[PDB]
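Structure first, then comments.
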Amino acid sequence: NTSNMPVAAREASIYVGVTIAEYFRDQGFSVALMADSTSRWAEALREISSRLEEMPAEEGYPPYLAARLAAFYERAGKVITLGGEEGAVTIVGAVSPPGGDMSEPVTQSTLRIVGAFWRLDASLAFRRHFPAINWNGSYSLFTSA
Amino acid sequence: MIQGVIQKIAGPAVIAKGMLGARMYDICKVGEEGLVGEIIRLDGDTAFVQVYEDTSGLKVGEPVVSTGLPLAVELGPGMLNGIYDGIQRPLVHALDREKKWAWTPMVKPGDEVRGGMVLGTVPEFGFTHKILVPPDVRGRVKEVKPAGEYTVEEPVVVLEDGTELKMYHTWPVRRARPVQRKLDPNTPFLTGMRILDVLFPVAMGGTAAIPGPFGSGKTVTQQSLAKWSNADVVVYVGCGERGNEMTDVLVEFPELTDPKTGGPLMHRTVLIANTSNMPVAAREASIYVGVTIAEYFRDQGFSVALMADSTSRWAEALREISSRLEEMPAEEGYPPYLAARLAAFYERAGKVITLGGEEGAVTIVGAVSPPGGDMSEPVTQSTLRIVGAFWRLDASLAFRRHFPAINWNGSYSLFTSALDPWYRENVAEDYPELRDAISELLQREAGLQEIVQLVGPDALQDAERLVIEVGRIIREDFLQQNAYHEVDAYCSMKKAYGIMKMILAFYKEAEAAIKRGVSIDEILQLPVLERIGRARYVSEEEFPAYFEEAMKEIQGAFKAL
Amino acid sequence: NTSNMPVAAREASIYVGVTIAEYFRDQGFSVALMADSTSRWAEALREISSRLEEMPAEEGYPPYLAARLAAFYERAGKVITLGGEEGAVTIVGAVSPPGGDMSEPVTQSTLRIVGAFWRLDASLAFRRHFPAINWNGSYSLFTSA
Amino acid sequence: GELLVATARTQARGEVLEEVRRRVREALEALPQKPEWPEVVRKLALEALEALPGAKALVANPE
Amino acid sequence: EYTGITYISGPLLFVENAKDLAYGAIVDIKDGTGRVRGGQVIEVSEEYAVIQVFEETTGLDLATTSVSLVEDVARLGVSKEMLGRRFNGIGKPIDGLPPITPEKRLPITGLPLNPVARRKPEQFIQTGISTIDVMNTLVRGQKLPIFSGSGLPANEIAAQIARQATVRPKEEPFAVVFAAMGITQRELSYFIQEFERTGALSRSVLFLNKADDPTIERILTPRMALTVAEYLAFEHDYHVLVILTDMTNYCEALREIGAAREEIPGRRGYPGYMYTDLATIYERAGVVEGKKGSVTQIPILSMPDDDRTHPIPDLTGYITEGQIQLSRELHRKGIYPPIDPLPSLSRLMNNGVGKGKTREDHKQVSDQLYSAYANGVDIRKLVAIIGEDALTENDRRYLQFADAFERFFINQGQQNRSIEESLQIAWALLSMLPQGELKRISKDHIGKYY
Amino acid sequence: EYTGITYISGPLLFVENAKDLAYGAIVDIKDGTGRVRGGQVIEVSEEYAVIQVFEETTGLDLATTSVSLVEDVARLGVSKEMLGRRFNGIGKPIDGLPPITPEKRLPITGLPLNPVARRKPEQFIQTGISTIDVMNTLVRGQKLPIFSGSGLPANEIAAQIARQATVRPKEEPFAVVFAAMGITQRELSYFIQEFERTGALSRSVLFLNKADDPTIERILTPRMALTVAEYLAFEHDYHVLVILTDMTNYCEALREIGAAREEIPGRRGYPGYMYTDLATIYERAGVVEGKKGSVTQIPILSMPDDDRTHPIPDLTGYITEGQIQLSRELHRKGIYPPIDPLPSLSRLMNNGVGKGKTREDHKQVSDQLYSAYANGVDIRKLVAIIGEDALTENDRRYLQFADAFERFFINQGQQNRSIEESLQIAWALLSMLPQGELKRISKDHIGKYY
Amino acid sequence: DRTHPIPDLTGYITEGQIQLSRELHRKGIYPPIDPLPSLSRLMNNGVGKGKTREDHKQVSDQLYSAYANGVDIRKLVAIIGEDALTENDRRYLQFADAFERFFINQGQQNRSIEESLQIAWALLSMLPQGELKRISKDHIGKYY
Amino acid sequence: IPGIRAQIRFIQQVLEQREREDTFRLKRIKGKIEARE
Ligand SMILES: Nc1ncnc2c1ncn2[C@@H]1O[C@H](COP(=O)(O)OP(=O)(O)O)[C@@H](O)[C@H]1O
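Chains as they are written, first to last, in the entry's author numbering: chain C, 290 to 434; chain A, 1 to 91, 108 to 577; chain B, 290 to 434; chain L, 64 to 126; chain F, 7 to 175, 183 to 463; chain D, 7 to 175, 183 to 463; chain E, 320 to 463; chain G, 169 to 205.
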């Protein structure tokens, strides 16, 4: 998803990927879907929406984004594929707020869906503590799971 | 087409209407289906109407009729114990046409009368109803009924040889009832609550805003006032109802009692509901219908309290109507017109010299519900600029179990001086000086706690520790009141001052003992302190005895040195 | 530039002055342009912009201000006038932040352009140290020049 | 086991509704191949013009 | 009567009718679609055109496409047989069972039945959770929100109450209505499995709305749920408990369409009508006429961005009789359930406590625990300011009481505490305080219960 | 010439004229009404239509209703006989007396007369309040705001100055113009009674605008007041003091219409034009041509929500020569007048003090009292830190001086203090300090005045 | 403000970042590079045997870790006082000054990577050898 | 203790930074929606 590519293509990229991901899990494979990132996908979508003259909201993002983003992450899961057998699609999505603000788009809506968050901490990194994952700010609703 | 019209189009919430040539701007209009609407836009070829309900019940071609009112209301025997709505009608008529009332002549043929003059009396409901010559009518009484029984529609008198008068009369809710002169704020509206009556007085005919976040106790202040305030009649506009706040009041209040008489409080109340299924129009008009009914009772010579649940929701209903009419949105998308309107409402409050002499009043207590703690627009901002009084329920004071949860640092009256003389003459000569002294205590505590937040409490001198000790006793023993206790649920004026003098006397003695090198630790564990702490639970003057018990105990501390 | 004067006139005042200043330097004179002040000029400009419904930014100032203010100070300099001869326009601009905040408009944008800053210090003044110029907070990127 | 009953009633109760419908639709499907069918067909088209619409025309099978 | 689409923008579709305009709220059906596509009339624009809101996606619609008016709004297939079934937001089967066989067909906006009485909420609902039953008792007819945030186990609490709730010796039967909005497929499968395995399904109607279901179906979900509850309570005389998760997600959908509807936005981008739509849901609770049944609500309100002042959670507070507020900070300290003991309150609480209901000392104990916990929490701040050793002996006791309240009263090892059990724990922790410092408990109760 | 209403939305009415359009600001009269209904032209929309603002309610207006153009605005009926009268915001009698008999009829926007000279404010105005006259001297031609907040006695101060102000031996006569905006009926009755009882009314013109008076009448109020002041000062050679309460309330009305006018809002919802409308009022002050008269302003600026950074109070600071800022915190400590001694400035004080104005030692005394009070207030903090007994003898004197300043100088038992009276109290309290500690008073003044 | 959207979005476009700090410039340290906020994204692709020297990554890691600890200890000194600092922490405190005085500061001067590694090892000697957690023993023996 | 007020002061101003300026990109965005419409 390069910058010279239309907002349309980058918007569809997560859907093309998830579908390919779901395709491999159907075979009975466990696949990982890594999404660099959804902040840029929401910026490409805001560009398309504003060009379509849809009403801007918070940070000028269209109202439609939260339901869509959620719908994406909902396609994740370990299933009993058609004709038995088990497969799965695990999603790891990158979060890139406009700049430390960690609000909209990306972060805010995402951290509300996802069950896991691994917070790379620039201060942990500067201190040469690797992986730079903040053990105080990270959470897995998945610990017990 | 002068008095009626026909729907041209409907959708997007505005009904466009052909005709209604004589309708006034802001008049209620009636659709054949029974829905009401407000005339918003008058144009050369249509009237735009805001619909106070669901517009699918309106179709093109439907008949529309004027009501003629910003008004009207019926004002006569049959008002008491009655339950109406936004536009007065049994929860349809207004005043029973069959009910017979005992009319007592209070004027003879040949008497000269003017609007507001009392011609008869009706013991409709004890209360004694006072029959008055409608405003704008004067002349000579040429005919008058004898002491008997009559229905409302009957004529009891004729003036100037033919204006005919009945026991009731009609009045545009939108127009404030006439009066000779609105008396400057002079008489306190005795609440019975120490913090209010003492520190943040409300004057009879005063406007005092009730503001704070959701669940801070705003409505509760209002309800206690109605159960115990010195107004004969209460006009409750239980607006911003939701989830079940409607049914919560529907079959509940009909059981609430009048502490003064031991009869239902509804027997001296008028309820005006504003539910979510109701059009923005109706809720908008609800404060005007209520204020008009309120002004009607004060005209009789009654002191009435108007409690407005709330104006935040009324401004949201108005913003919905305005946006549907395509009026330009401003701050928070509210129309420009709101500030002048809201002010105009609160201006109708006041104690007056009614038509034909006699004094009455309408005191307004309005609830403030900002979108969420922001405490900006609509509600708060515009309101706190009008109202003379503000009782700030404080969620932190509530969590700390300090009742009433009124912040003595953020609240203000503008009625303290207005009501001080009532307290000085009827309760205690030192009411104002005592509340000023307690407030200075609380003010000093606030400053001390800010500093302690920085440099810690270890450096505190004994003098400063004493001020915190007594400041704490004021908060726990006075400010905090238990609404659930059979005794402390209500604190009579006489009890409020007596508890104040026990606290202030303990203060003077505390500062006096410190000045004589008495350890504060010795005062902090003084036996009388625990009794002062439970004083709010005593229903006998055994409380003022604590003053002498305090003095001797300090002497026992002057003895041991 | 009085208060009863339109925001327009005060906005144009620095441009009328600089042009007159450039006119005298053209003769071969060294002229000093003293601007009381640009904080008030940016407030007059913000009034005009808001009335024109231009999108407010930081402190409600229009986006256009930084490039404009810079363009003004760029007209300063010692030149070789038309037909040889040397002249110059030196600019001394007053800075009046809304109140000690010393952010936007005035200060912030100005201190980024100007090469010299003479910081009158109220504490130096109260101490009766005149001129009340703080020798620790003032700077001239011209010392070596 | 209690659920094991309710569903077994539901399947049964379903089957009966689904047979009452099967018949009700067999009636209409074989309706044209009997008399009183013409009086039905016209009365339908009557309401089409009798309702909100202004008049113009209508259509059907060639039978 | 039939119309034709004249405009399509996302969920908003304009439709022109040559004969008979459909009234506001009517359900219209789009012709030529593989799956049923409903359009709900929202406005009459003039010129025989109405403005509508779609209940499913509008991709593939063309101008001129035909639409019929169904002659009515949407509705609930009402029957006692609703119990034991799992349905969508619209009341269509999700359990592979047949469609509901209606006893009555009810409108869902709240107009049907006019069920509520003008009587106050009263009597006990045993949730089986000590931090609710003992300290913040749920009462029949009340609206008591769960106040939480993203990452917190609010749905686990909601599901546990659904499994455990009862109305201890009541002559009336008890039922649960569980409605979930904008949930994942994984969450839907989990909720289904839970209801089926535990046998909780036998006394429950379950409505599940998925994240990818139409936004309009999500808006209708709480209305289907409340209508079923009112039917069971009023026509069958049942005490019904309605659990709605998550109101914030409902709001995200309602907010999503407000833009497409042409409104000027209000604070935080929300619909200007936020509080009067939300009022249509919180108004629907309380005792029903006859006083045999009642409708109680436990709405879940997650803080967006953990901000309890966001207009959605903030406007919901007024609709409740009990609030349980969960806090991320508390959850991160390992305290579960992660209830903020100084921000959870009981309203209509006084109507469901005392002699003949719970016990005579209940109000006094609740008042004293609340006061001591609030003081103890402030003292945690004072400890940070001055140091632990500089705290007075008396303050140290209140500091310690806050830990005791959190460790022993708030924390339950999953466990159904009777009100007697909850008051006992309350008195046990209160012993930590000096008896001379129990300002809010009359001496009569100290002698009898301490 | 006559027009017809083509649109009505609340206070805004559009009116179409077939012949002759009425210019902006003209007063139009609606035909067919029981009470006079004025429409003030605000804009020319194009197509022979103007946009107007109503001065009373628009209920009952119909499209097509007739309207006439009066040929003029509202205007000031200027005469020396304005003195002794109480009028509305529009200059109509409120005192039951006859309408003004004009000597001249003046436009009110500030264009009439061109009265101001290009000379600096100078010479003393004795308010009779020590905290103004002594420390923050008001000078003839200055704009010295009272800076306050809701609940504070700013109006009591304004009324007291109106009663007491004079220009001590001036060859010129002195007059007061008192304008109140958006006040209650109770406040209006109080102000009237005060002017009449004290005999202050004899040398004053009073304009009262009520909260329920038209918003446009409130906007015109300060302009009627300033025009009267400029007339008396320029054409009659008077030193005129104009008192305007409250500018914040004026702003709430101007802000109220900006929305109806179609503007994009600026910060805090205010009109984008806030500072250039407000400039039309603060520009109108100073010495008048001839130097016999002058116009001085004392505008009241209440902090909305007590926020001195709100755009209204914040933009007003530049229009003043002296500012007196009142603080709620100080008022809550029982210090009245509740003046913040570290936020009140002789933005122009030095122009109204010294020999020939007040007295030669005024600046020195003001400087010394301010310095000693500030030190004394800091020492209250030091007492809390170390204890009273650990304070040095010298610091104890400064501590005590702060109490003396508050008890004797700040506190007035309502009482009109001459600047001589205020300087005397100042010197009396200064005696508490060691003479060796009077760093800010030259020895010449100590010998002459101590 | 390094979090302003402009500078913040630029970070992803880089392989090496040199961050300058006003605070450091005001202490007279030039170039005013923040040694705990300057990074190399592609650094590992341009270092080691056959490029710079085999110990380059280890030395860079150790200097970065020691400088970051030393900077935090400047905060700890302010909190507790210089004399209350442990002997070990005092060495890290001093190392931060040495890093700034000798490694960051150049008297304008073209240092070869060999020269830069030599200065790095010279300053590292200030630390206890037992505290060189990020340098394998093979490098200590060969290069220390 | 003037350590408290010290670095902790940095505290209040990153805090205050964060939003009278952030709260403003915002009073103005929403203007911007139907400010732009
Ligand atoms: N004076 C009081 N004494 C005790 N509890 C109170 C008091 N005022 C409020 N509360 C508690 O707070 C709740 C919310 O108060 P309420 O008046 O209904 O809120 P609002 O401000 O929204 O009108 C009450 O139901 C009660 O639980």
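Even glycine gets a Cβ: it sits at the ideal position worked out from N, Cα and C.
Thinking just about the alpha-carbon of each residue, which of the options is nearest to the one in residue i?
i: residue 619(A); options: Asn-260(A), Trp-424(A), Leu-281(A) and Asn-202(A); result: For chain A, the structure presents residues 1 to 577; residue 619(A) sits outside this window and is missing.
i: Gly-306(B); options: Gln-316(B), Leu-322(B), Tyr-362(B) and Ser-398(B); result: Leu-322(B)
i: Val-503(A); options: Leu-199(A), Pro-150(A), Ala-10(A) and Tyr-553(A); result: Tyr-553(A)
i: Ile-398(F); options: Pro-121(A), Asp-474(A) and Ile-515(A); result: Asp-474(A)
i: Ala-360(B); options: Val-403(B), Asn-423(B) and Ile-422(B); result: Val-403(B)
i: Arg-196(G); options: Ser-319(B), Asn-290(B) and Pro-345(B); result: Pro-345(B)
i: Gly-426(D); options: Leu-451(D), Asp-402(D), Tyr-349(D) and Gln-198(D); result: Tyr-349(D)
i: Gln-437(D); options: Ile-459(D), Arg-453(D), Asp-416(D) and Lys-183(D); result: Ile-459(D)
How is the beta strand (DSSP E) around residue i delimited, first residue to last?
i: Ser-359(D); result: Counting along the chain, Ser-359(D) falls outside any beta strand (DSSP E), and DSSP gives it neither H nor E.
i: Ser-326(C); result: 319-326
i: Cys-28(A); result: 28-31
i: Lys-158(A); result: 155-160
Answer with buried or exposed for residue i, where buried requires no fewer than 16 other C-beta atoms within 10 angstroms of its C-beta.
i: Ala-160(D); result: buried
i: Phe-431(C); result: exposed
i: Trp-407(C); result: exposed
i: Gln-316(B); result: exposed
i: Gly-285(D); result: buried
Going by DSSP, what residue range makes up the alpha helix (DSSP H) through residue i?
i: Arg-401(A); result: 395-402
i: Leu-66(L); result: 66-92
Suppose the cutoff is 6 angstroms on Cβ atoms and the five residues either side in sequence are ignored; what does the same chain contact list for residue i look like?
i: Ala-10(A); result: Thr-55 and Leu-58
i: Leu-412(D); result: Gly-389 and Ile-392
Go through its chain and collect everything with a Cβ distance to residue i's Cβ below 8 angstroms, but skip five positions before and after it.
i: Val-172(A); result: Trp-119, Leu-135, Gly-136, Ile-147, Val-160, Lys-161, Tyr-166, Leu-181, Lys-182 and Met-183
i: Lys-370(D); result: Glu-128, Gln-129, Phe-130, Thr-143 and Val-145
Counting only the same chain and skipping the five closest in sequence on each side, list residues whose C-beta sits under 7 angstroms from that of residue i.
i: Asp-101(F); result: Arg-91 and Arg-92
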